[PDB]
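Containing TSV, C-alpha atoms: coords01.tsv.
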```
chain	number	residue	atom	x	y	z
A	854	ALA	CA	-96.25	-179.88	28.67
A	855	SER	CA	-97.01	-177.57	25.70
A	856	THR	CA	-96.64	-180.27	23.06
A	857	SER	CA	-100.41	-179.73	23.09
A	858	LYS	CA	-101.02	-183.34	22.14
A	859	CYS	CA	-101.63	-186.45	24.18
A	860	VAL	CA	-99.58	-189.67	24.66
A	861	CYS	CA	-100.76	-193.35	24.73
A	862	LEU	CA	-100.22	-194.35	28.33
A	863	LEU	CA	-98.31	-197.17	29.98
A	864	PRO	CA	-101.13	-199.58	31.00
A	865	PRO	CA	-99.82	-199.58	34.61
A	866	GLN	CA	-100.51	-195.83	34.92
A	867	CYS	CA	-104.34	-195.90	35.41
A	868	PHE	CA	-106.37	-198.22	37.66
A	869	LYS	CA	-109.08	-197.92	40.25
A	870	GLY	CA	-112.17	-198.47	38.15
A	871	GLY	CA	-115.21	-200.66	37.58
A	872	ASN	CA	-115.84	-200.26	33.87
A	873	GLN	CA	-114.73	-203.81	33.17
A	874	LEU	CA	-114.67	-205.19	29.67
A	875	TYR	CA	-112.73	-207.97	31.39
A	876	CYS	CA	-111.40	-210.54	29.05
A	877	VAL	CA	-108.79	-209.54	26.52
A	878	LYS	CA	-106.70	-212.09	24.68
A	879	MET	CA	-103.36	-210.87	23.33
A	880	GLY	CA	-102.72	-212.94	20.19
A	881	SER	CA	-99.00	-213.26	20.96
A	882	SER	CA	-99.48	-213.88	24.73
A	883	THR	CA	-102.61	-216.07	24.36
A	884	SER	CA	-103.86	-215.80	27.97
A	885	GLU	CA	-107.10	-214.44	29.45
A	886	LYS	CA	-106.68	-211.33	31.69
A	887	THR	CA	-109.04	-208.71	33.20
A	888	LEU	CA	-109.13	-204.99	32.25
A	889	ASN	CA	-110.42	-201.37	32.55
A	890	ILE	CA	-111.36	-199.21	29.59
A	891	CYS	CA	-108.29	-197.11	30.25
A	892	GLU	CA	-106.35	-200.38	30.13
A	893	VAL	CA	-108.00	-201.63	26.87
A	894	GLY	CA	-107.50	-198.21	25.36
A	895	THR	CA	-103.85	-198.00	26.27
A	896	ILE	CA	-103.40	-201.57	24.94
A	897	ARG	CA	-105.05	-200.73	21.66
A	898	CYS	CA	-103.43	-197.25	21.42
A	899	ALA	CA	-99.98	-198.41	20.54
A	900	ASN	CA	-100.17	-202.17	20.12
A	901	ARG	CA	-102.63	-204.29	18.21
A	902	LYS	CA	-104.31	-207.71	17.95
A	903	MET	CA	-106.27	-207.54	21.18
A	904	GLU	CA	-109.41	-209.67	20.96
A	905	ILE	CA	-112.38	-209.00	23.26
A	906	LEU	CA	-113.73	-212.39	24.35
A	907	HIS	CA	-116.28	-211.19	26.89
A	908	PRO	CA	-117.86	-207.94	28.15
A	909	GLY	CA	-117.69	-209.05	31.76
A	910	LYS	CA	-115.68	-211.97	33.28
A	911	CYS	CA	-112.87	-214.15	31.81
A	912	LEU	CA	-112.43	-217.98	31.93
A	913	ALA	CA	-112.72	-217.81	35.76
```
Take the structure from the file and write it as structure tokens.
Amino acid sequence: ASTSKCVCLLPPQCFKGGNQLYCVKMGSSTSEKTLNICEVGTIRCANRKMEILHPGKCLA
């Protein structure tokens, strides 16, 4: 809105994709979820210590 600069999104905000770099640990959370690039981005944008275990499926 004229700031003319972009803002790291809430992860919720984007999702209906199949560019899955699935499995992302959290370091504090320590559990194996499944994600979009827009998700991974958003996660990395602000916060830190995301580990990519697998490009493609998790531990299921």
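Distance annotation: of A:881, A:887, A:855, A:866, the residue with the minimal separation from residue 905 in chain A is A:887; atom set is all atoms listed in the file.
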- Message: Using all atoms listed in the file, which protein or nucleic acid residues come within 7 Å of residue 885 in chain A? Drop anything in the same chain fewer than 3 positions from it, and give the result as a list in words.
- Response: residues 876, 877, 878, 911 and 912 of chain A
- Take the point (-102.3, -209.1, 17.1) as written in the file and pick out every residue within 7 Å of it, counting all atoms listed in the file; give the list as a list in words. residues 879, 880, 881, 901, 902 and 903 of chain A
- Which residues, written as a list in words, have at least one atom at most 12 Å from residue 871 in chain A, with only C-alpha atoms counted and residues fewer than 5 positions away on the same chain left out? residues 887, 888, 889, 890, 891, 892 and 909 of chain A
Centre and edge lengths of an axis-aligned box around all listed atoms of range 879-884 of chain A, with 4 Å added on each side, are to be given in Å to one decimal, as AutoDock Vina command-line options.
```
--center_x -101.4 --center_y -213.5 --center_z 24.1 --size_x 12.9 --size_y 13.2 --size_z 15.8
```
- Point-to-point distance from CA of residue 874 in chain A to CA of residue 886 in chain A, Å rounded to tenths: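 Answer for the CA of residue 874 in chain A to CA of residue 886 in chain A separation: 10.3 Å.
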- Distance in Å - CA of residue 865 in chain A versus CA of residue 906 in chain A: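 So the two atoms, CA of residue 865 in chain A and CA of residue 906 in chain A, lie 21.5 Å apart.
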- Please measure the separation of CA of residue 913 in chain A and CA of residue 900 in chain A, giving the value in Å to one decimal. 25.4 Å
